[PDB]
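Notes to accompany the following structure.
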Amino acid sequence: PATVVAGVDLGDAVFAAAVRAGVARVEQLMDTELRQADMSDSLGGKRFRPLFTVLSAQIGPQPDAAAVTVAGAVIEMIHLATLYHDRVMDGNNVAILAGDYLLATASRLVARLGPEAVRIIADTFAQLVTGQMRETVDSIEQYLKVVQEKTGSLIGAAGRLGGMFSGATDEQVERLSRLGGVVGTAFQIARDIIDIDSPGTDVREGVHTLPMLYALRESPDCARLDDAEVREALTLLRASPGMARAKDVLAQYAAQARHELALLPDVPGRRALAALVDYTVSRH
Amino acid sequence: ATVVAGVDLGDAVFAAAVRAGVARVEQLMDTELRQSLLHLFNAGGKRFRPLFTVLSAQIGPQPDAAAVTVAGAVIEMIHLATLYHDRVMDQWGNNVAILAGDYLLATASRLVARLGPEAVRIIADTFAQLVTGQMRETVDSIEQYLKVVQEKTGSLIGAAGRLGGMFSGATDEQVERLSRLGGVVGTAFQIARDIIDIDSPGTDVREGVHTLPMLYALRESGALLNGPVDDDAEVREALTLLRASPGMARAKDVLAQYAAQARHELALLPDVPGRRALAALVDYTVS
């Protein structure tokens, strides 16, 4: 545990403490920027994206710890807001307002990071709405388009901002952006798989995830769209070649993340990010 | 004639320049919003917030700067997004309303981003204010209501004044004055809506929202508005009862006081046509 931050084993406990403190600084800024005179508002609400932002800023030669803290707070507040809005689309009005406040505060914070950061966030918002627009011809191409837009884009921006505000080179910033995009997708696909492999299992009533999408192509019929019906649906998926097909797609994203890792500079942040990748494609 | 949105501005050449500025905002909105998710109504230049932005920009040497139109569009998209998010129920559904609002928001992000980080900060802080206003709506009751309407309605119109001043090139002190004017005008704008909801309807009683006339009434003695009201018979009742309380005359007094506050703010703007137009907009808004 002393080497672990946000579930990622960073191998070294002294290094883990410095990284954990960078994550803690992100949450502390969020708590300070959200708290007003009016509130269990931040409380999946995780440190994954803060971890990713801090680790990405370990790739450049001159991390700006204050700016890195801002970027991570911006990214994660946006993450939480997408969760609030997703719950209502599947109190409603209050959950929407809370998400809107998280989005307003994230936009306020990123203005501190200057004109380039501001455009990166605005473009990320555009992708986020595009994926929600899409999510409402190849149905698996679309599903992977949705998670790339709603999930991969935001972790790409965290990688981008991490590189930018450690003075990484232009090419390393692009690479960190691409890594974060591929990490976000792989993370979701692992989630899809884990929720059928078995902590609750098929806590996914209504959601057509990637294994399911594969299984419904074969040709022997789903009971799909109350408790035995759920277990009866679980056996079919764990059996189906759709499961093995979903793990192949996961492996394609893992392969692409590791391709990007390999061209990162040989610095301790690269090994940290590879452990982040390992955890991402793991059982979480 | 010399009228732009029920408001007589003065000289026909000023009014024409203002009409054209507002129309430019509606056009930019249309253009930037094109991708069926939302259906904008064509108000033909009568939207309050583009008008207040364009009027505020008249104070600057460059009222028709392109950034002024972007500001106005941004302001109005924020206001539209709140209308869509307001419709989330505890359009076709909750999903459309959320998505429509998020689309407006995202489009506003792209536009304000190119205005610069300081304009991003202003709009973001304003939207934050606007949201906590709606949270807070859900001590001193009057100062509490006024804080709510200042947050949920006055801050966006303050921002319109601030942005209009900034990007028309107005002086720093003028930007500040126009921001203060906008907050006071937006409050008076809401107080006037809340009075008009009881004079001649009833939406606030049915919704169970406590507005200025009701809050002053509940200070006397001799409170059925605990929660909302469903039956149309009790609605009619509360209206006539509230129409007779001295709290109704007190809310009108406070409205007149906010008008006087706005006149104090605008009196120290330069002596130009735009000051008179703003003065006229104030008079219209409280009448």
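Taken together, the values in this text are just the output of simple stated rules run on the coordinates, not laboratory data. All Cβ positions, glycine included, derive from the backbone under ideal geometry; neighbour counts span all protein chains shown.
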Take B:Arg193, project a point 7 Å from its Cα along the Cβ direction, then tell me which residues of the range B:49-70 have their backbone nitrogen under 18 Å from it. B:49-53
Hey, which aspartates and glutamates would be in cross-link range of B:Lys147, C-alpha to C-alpha under 13 Å, not counting anything within fewer than 8 residues on its own chain? A:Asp38, B:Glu137
Could you please state, rounded to a whole Å, how far the C-alpha centre of the range A:83-103 is from the C-alpha centre of the range B:120-186? 23 Å
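Can you give the charge dipole size of the protein assembly as shown about its Cα centre, rounded to the nearest 20 debye, using +1 on the beta carbon of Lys and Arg and -1 on the beta carbon of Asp and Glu? Present the calculation step by step, with values, prior to reporting the outcome.
Working: 54 positive and 70 negative charges, 239 e Å.
In debye, rounded to 20, the protein assembly as shown gives about 1140.
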Cα gyration tensor shape for the range A:1-85, rounded if a/c is under 1.5, else prolate or oblate: prolate
Scalar couplings 3J(HN,Hα) for the range B:120-129 by Karplus 6.51 cos²θ - 1.76 cosθ + 1.60 (θ = phi - 60°), nearest whole Hz, x for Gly and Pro, are 4, 4, 4, 5, 4, 5, 4, 4, 3, 3
Could you run the Karplus curve 6.51 cos²θ - 1.76 cosθ + 1.60 with θ = phi - 60° over the range A:95-111 and give me ³J(HN,Hα) per residue in whole Hz, x for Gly and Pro? 5, 5, 4, 4, x, 4, 4, 4, 5, 5, 5, 5, 5, 4, 4, 5, 4
Round to the nearest 0.05 the FRET efficiency obtained for A:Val137 and B:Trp92 when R0 = 22 Å and r is the Cβ-Cβ distance. 0.40
Cut-off under 12 Å on the C-alpha distance; same-chain residues fewer than 8 positions from B:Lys252 excluded. Which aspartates and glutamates are left, in chain and number order? B:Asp194, B:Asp199
A:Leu261 versus A:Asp38: modelled label distance in nm, points set 7 Å from Cα along the beta carbon direction: 4.2 nm
For the protein assembly as shown, build the charge dipole from Cβ charges (+1 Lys, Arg; -1 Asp, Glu) around the Cα centre, then report which of A:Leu176, B:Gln134, A:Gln132 sits farthest towards its positive end. A:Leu176
For A:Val4, which sequence-distant residues (separation of 5 or more, or a different chain) have an amide H within less than 5 Å of its own amide H, given hydrogens modelled in the peptide plane? A:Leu10
Quick check on the protein assembly as shown: take the gyration tensor over C-alpha atoms, sort the square-rooted eigenvalues as a ≥ b ≥ c, and tell me if it's rounded (a/c under 1.5), prolate or oblate. prolate
Over chain A, the quotient of the Cα radius of gyration and 2.2 N^0.38 Å is 1.02
Name the shape class, rounded, prolate or oblate, that the alpha-carbon gyration tensor gives for the range A:28-78, where a ≥ b ≥ c are the square roots of its eigenvalues, rounded holds for a/c under 1.5, and otherwise prolate holds if a/b is larger than b/c and oblate otherwise. oblate
Too long at a 26 Å Cα-Cα cut-off: which of A:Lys46/A:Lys247; B:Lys46/B:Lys152; A:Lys150/B:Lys152? A:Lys150/B:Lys152
Would you calculate, for chain A, the mean residue ellipticity at 222 nm contributed by helices, counting each DSSP H stretch of 4 or more residues as -39,500 (n - 2.57) and dividing by all residues, to the nearest 500? -23500 deg cm²/dmol
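Assign unit charges at the C-beta atoms only (+1 for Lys and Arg, -1 for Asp and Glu), then state the dipole size of the range A:4-280 relative to its Cα centre in Debye, rounded to the nearest 20.
The calculation lands at about 620 debye.
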Here the range A:276-282 yields Karplus 3J(HN,Hα) values (6.51, -1.76, 1.60; θ = phi - 60°; whole Hz; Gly and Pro given as x) of 4, 4, 4, 5, 4, 8, 8
How long, wide and thick is the range A:174-284, going by the Cα atoms along their three principal axes, in whole angstroms, largest first? 51, 28, 19
